[PDB]
Amino acid sequence: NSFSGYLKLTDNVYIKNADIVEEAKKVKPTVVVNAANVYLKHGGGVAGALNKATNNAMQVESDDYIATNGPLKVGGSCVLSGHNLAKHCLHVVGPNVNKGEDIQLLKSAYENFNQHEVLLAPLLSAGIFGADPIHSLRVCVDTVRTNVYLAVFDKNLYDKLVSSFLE
Ligand SMILES: Cn1ncc(-c2cc3c(N[C@H](c4ccc5c(n4)OCCO5)C(C)(C)C)ncnc3[nH]2)c1C#N
């Protein structure tokens, strides 16, 4: 858990302008969070990037999990192998408000982080999932009680998030 160059926002939330994949390779965290969908199909965005960094091992394991257990619920999660990126990957489904899912489920989504003492994570429901990223950061800060290190791979968004937190 050798996190470096983060800005501490609260006693348990840290943030950095970084690619979560590159962070996972450097840090070797105990848990990396995947911004997943309910069928664990890592087809693009940050899920596709984490899967590609495992040379598709994450996708094969995910397909096997879905066959036995069925899909996740929106707001839910599962723990699978971290492969070469972490000890464990916590696959979390935030709501996709661009597809009509309820933004209130973002609190349920961040509540999954509280089962793990230290996590490397992306900003849930942001990007093409359509949530307001400032609102996602506020829900993270108000919900997560364990130690979370947020990697946001966009300097423009990072600066807007920090300037909002510090108002
Ligand atoms: C080809 N490639 N290599 C690396 C990455 C990469 C993306 C990425 C990231 N994306 C954030 C995010 C966060 C929650 C998302 C989402 N995206 O997409 C819908 C699902 O929910 C965002 C957009 C807000 C900055 N955040 C952190 N590290 C990251 N690495 C990619 C891609 N794509």
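Residues numbered from 1 in each chain as written, not as in the entry; some residues may be left out. Heavy atoms only, no water.

For this entry, the PDB record names X-ray crystallography as the structure determination method and reports a resolution of 1.18 Å.

With that settled, the discussion passes to the packing of helix α1 (residues 20-27) against helix α2 (residues 45-53). Packing of α1 against α2 leaves a shortest axis separation of 9 Å and a crossing angle of 40 degrees. Across the interface between the two elements, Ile-20, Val-21 and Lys-25 from α1 touch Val-46, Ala-49, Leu-50 and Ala-53 from α2. The residue inventory of the contact of α1 with α2, partitioned by class, reads six nonpolar, no polar and one charged. (Axes fitted to C-alpha atoms, helices over the stretch in contact; angles between N-to-C directions. Helix = DSSP H or I, 4+ residues; strand = E, 2+ residues; numbered from the N terminus. Contact = heavy atoms within 4.5 Å. Nonpolar A, V, L, I, M, F, W, Y, C, P; charged D, E, K, R; others polar.)

Bringing the site of the ligand into the picture now. Around the ligand, the surrounding shell holds 13 residues, and the nearest of these are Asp-19, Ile-20, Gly-45, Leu-123 and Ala-151. Here a nitrogen atom of the ligand sits 2.8 Å away from a polar atom, N or O, in the side chain of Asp-19. Within the contact set of the ligand, a nitrogen atom lies 3.0 Å away from a backbone nitrogen or oxygen of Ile-20. Considered on its own, the ligand offers 680 Å² of accessible surface; in the complex 73% of this is hidden by protein. For the ligand, the cavity whose grid points lie within 2 Å of the majority of its atoms is the largest pocket. (Near = heavy atom within 4 Å. Polar contact = N/O pair within 3.5 Å; in protein donor to acceptor, adjacent residues only side chain to side chain. Areas by Shrake-Rupley, 256 points an atom, 1.4 Å probe, with all protein chains shown as cover. 1 Å grid on protein atoms, 1.4 Å probe; cavity = no way out; pocket = protein on both sides within 12 Å on 5 of 7 lines; lining within 4 Å. Sits in = over half its atoms within 2 Å of the grid points.)

Considering all chains together, one arrives at five aromatic pairs under this definition. Ring geometry for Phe-3 and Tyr-149: centres 3.8 Å apart, planes at 0 degrees, overall stacked. Placement of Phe-3 in the segment before β1 (7-8) and of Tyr-149 in strand β7 (residues 147-152) is noted, with a sequence separation of 146 residues between them. Take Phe-3 and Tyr-149: they sit in the same class, and that class is buried. Each ring, one from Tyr-6 and one from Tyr-149, has its centre 5.3 Å from the other, and the planes form 90 degrees; the classification is edge-to-face. One end of the pair, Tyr-6, is in the segment before β1; the other, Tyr-149, is in strand β7, and 143 residues separate them in sequence. Taken as a pair, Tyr-6 and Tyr-149 share a single burial class, namely buried. (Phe/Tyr/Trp six-rings, centres within 6.5 Å; stacked < 30°, edge-to-face > 60°. Buried < 20%, exposed > 50% of the residue type's maximum accessible area, 1.4 Å probe, protein only.)

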